[PDB]
Amino acid sequence: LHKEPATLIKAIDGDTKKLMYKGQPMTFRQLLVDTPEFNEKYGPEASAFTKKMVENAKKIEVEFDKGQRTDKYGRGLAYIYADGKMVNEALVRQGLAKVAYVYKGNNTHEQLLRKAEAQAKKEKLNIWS
Ligand SMILES: Cc1cn([C@H]2C[C@H](OP(=O)(O)O)[C@@H](COP(=O)(O)O)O2)c(=O)[nH]c1=O
Ligand SMILES: [Ca+2]
């Protein structure tokens, strides 16, 4: 897998955002995670977390996996990096997302994220509190 450039257009919520990629606006959905919706518990904290991470970043990058690059809603499916730090992993490490939606053929970073989840749980953080 390799990282590609993008720029932030707008934060949306814990696990989706609007990026410019290859010069075109797209909504991206983060691979392998599920944040609560804004109306759900820890939804607002997830949205805030993602928003800060991507708005403060000097450099946003997207990394597609080996499989499907867009979902059925037209959303890009990627791992998202903010100055080299994976947003998807950072959410899971903070107990603000669950590892989820692990489809075969698009799960290169599964074990990395599962390790983060285990530490969040040990710490009883947020969703695991
Ligand atoms: C994360 C991800 C979600 N999806 C689809 C599955 C879910 O379909 P349904 O909408 O039919 O439930 C939906 C979950 O995204 P959200 O958590 O953003 O709602 O997006 C994929 O198809 N591939 C993926 O990698
Ligand atoms: Ca969600």
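Atom set for the values below is all heavy atoms of this structure, side chains included, hydrogens, waters and symmetry mates excluded. Counting convention: from 1, in listed order, for ligands and their atoms alike. The residues of the chain are indexed from 1 along the displayed sequence.
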Exercise for the section: Scan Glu61, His109, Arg93 and name whichever one has a side-chain contact (heavy atoms from CB on, under 4.5 Å) with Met86. Expected result: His109
Problem - Name of the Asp15 atom (N/O/S only) found closest to the Ca ion (ligand 2) - result: OD2
Problem - Salt bridge present between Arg29 and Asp13 (N-O < 4.0 angstrom) - result: no
Problem - Considering only N, O or S atoms of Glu37, the one closest to the Ca ion (ligand 2) - result: OE2
Handout entry: Whether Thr16 has an N, O or S atom under 3.0 Å from the Ca ion (ligand 2)
Key = no
Practice task
Run the numbers on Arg75 and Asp15 for salt bridge (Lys or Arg N to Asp or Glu O under 4.0 Å), then give the verdict.
Solution key: CA-CA 11 Å; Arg75 305 181 292 180; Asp15 61 19; 5.6 Å; no
Practice task
Verify the distance test for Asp34 against the Ca ion (ligand 2): any N/O/S atom under 3.0 Å, yes or no.
Solution key: yes
Problem - N/O donor-acceptor pair under 3.5 Å between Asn126 side chain and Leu96 backbone - result: no
Practice task
Mind telling me whether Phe28 and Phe64 have parallel, tilted or perpendicular rings, with 30° and 60° as the class edges?
Solution key: tilted
Could you list each nitrogen or oxygen of ligand 1 that sits under 3.5 Å from a protein nitrogen or oxygen, with the atom names and the distance?
unit_1	atom_1	unit_2	atom_2	d
ligand 1	10 (O)	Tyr73	OH	2.6
ligand 1	11 (O)	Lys72	NZ	2.6
ligand 1	15 (O)	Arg75	NH2	3.0
ligand 1	17 (O)	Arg29	NH2	2.9
ligand 1	17 (O)	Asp34	OD1	3.2
ligand 1	18 (O)	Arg29	NE	2.8
ligand 1	18 (O)	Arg75	NH1	2.8
ligand 1	18 (O)	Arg75	NH2	3.4
ligand 1	20 (O)	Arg75	NH2	3.1

Exercise for the section: Give a yes or no on this: more than 12 heavy atoms of other residues, nucleotides or ligands lie within 6.0 Å of atom NZ of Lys121. Expected result: yes
Problem - Donor-acceptor contact below 3.5 Å, side chain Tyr79 vs main chain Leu31 - result: no
Practice task
State whether a side-chain donor-acceptor pair under 3.5 Å links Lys17 with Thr50.
Solution key: no
